[PDB]
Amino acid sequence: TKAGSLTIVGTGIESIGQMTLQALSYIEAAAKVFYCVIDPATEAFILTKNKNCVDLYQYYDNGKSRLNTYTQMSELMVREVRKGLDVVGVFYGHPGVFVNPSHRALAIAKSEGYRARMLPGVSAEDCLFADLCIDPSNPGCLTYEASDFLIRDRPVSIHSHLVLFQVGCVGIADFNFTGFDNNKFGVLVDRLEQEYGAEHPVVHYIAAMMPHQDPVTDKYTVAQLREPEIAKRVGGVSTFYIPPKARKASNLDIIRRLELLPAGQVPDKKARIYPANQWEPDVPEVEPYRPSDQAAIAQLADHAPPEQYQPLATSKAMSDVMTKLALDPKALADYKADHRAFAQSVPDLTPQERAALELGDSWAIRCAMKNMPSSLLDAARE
């Protein structure tokens, strides 16, 4: 009911291309745009999409507490919300991943009764998984701010991935336009030596910010981080990835309670699923085409879709309206205000399609766009 809204969106890390379609649609729809980005091509792109943009970066200053900057950034956005404007804040990467003023501005907007939403974006950690060819699932992922990691003595797991953000500004709470020398970097290296040993690999990661750039994926030993010429390479957009040093064994009680053993024993805990983490120290070559793999590939020749497979069975009119709801914030607002009125004014919908949109039920819509074979006789209703 109340006039004014705050939508905070991300740009992703790589210039322009890592922005989501919905982030772009909200930037275009906004009355006012406030942005804080990491390259001028992304800034130029944003200014082509909205006539009313403010750069939040101008609220940093030499020796000015970042906390004071964050308060000001948040207040500039919430002031325009209180005036009844649809405001979009734009932060590079994911706007809620290692960002103070987005969470502050949204909490204030929400607490005062305005519509407030964060749209997720592609973070530096998302880029890290893609560029270093690792999956956080295998074998779990710990993510920390480097100064917080040290000050609160946050635990590491030698059996899981470790990701450290802000390794270029250890112990620095203020700002300088020319960056910092990172004189307390050795305190971080001391902690990594204690946890992992002097010979353990650390990957210096910088995601490409321009589309033609290659990422920095430079493996050093903990010991090599003490060399001044290596330490000096760590800057404002540097992230560290520390791979596991060991594989963790399985718990026999859980194996029993989950009934994972048909009868008795198996080979090993080290018989890895291909591919192996290429950053882990002393990990063996894993065979991609084991006999089991070759047998699975041989079955492709005679493959047919299972009876319970649900083929897409939709229409141009239905795919057009679902695309419009995703890419047009005004259409989505209109639909959310009155499902029936909206549904009945969409041309060329089938009766089922119209009925599904009228209800707004996610399951009805899925059902209208996919063939449900008799065999599927699922429990979606039960």
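Start at 1 and count along the sequence shown; that's the residue number.
Engineer: Going by the average Cα B-factor in the PDB entry, point out whether 252-260 or 75-83 comes out higher.
Structural biologist: Higher of the two, by average CA B-factor, is 252-260.
Engineer: Check the entry's C-alpha temperature factors for 87-95 and 203-211, then say which stretch has the higher mean.
Structural biologist: Comparing 87-95 with 203-211, the higher average CA B-factor belongs to 203-211.
Engineer: Name the residue from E145, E287, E125, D135 with the greatest C-alpha temperature factor listed in the entry.
Structural biologist: So the option with the highest C-alpha B-factor is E287.
Engineer: Using the entry's values, work out which of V33, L325, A29, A337 has the largest Cα B factor.
Structural biologist: By C-alpha B-factor in the record, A337 ranks first.
Engineer: For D131, return the chain-relative third of its C-alpha B-factor as stated in the PDB record: lowest, middle or highest.
Structural biologist: Tercile = lowest for this residue's CA B-factor.
Engineer: Within this chain's modelled residues, let me know which third the CA B factor of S315 belongs to: lowest, middle or highest.
Structural biologist: According to the entry, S315 has a C-alpha B-factor in the chain's middle third.
Engineer: Quick one: classify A356 as lowest, middle or highest third of the chain based on its Cα B-factor.
Structural biologist: Middle third by C-alpha B-factor.
Engineer: Of the three thirds of its chain by CA temperature factor, lowest, middle or highest, which one includes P101?
Structural biologist: It belongs to the lowest third of the chain when residues are ordered by C-alpha B-factor.
Engineer: What third of the chain, by the recorded C-alpha B-factor, contains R152?
Structural biologist: Its C-alpha B-factor, which the entry lists for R152, ranks in the middle third among residues of this chain.
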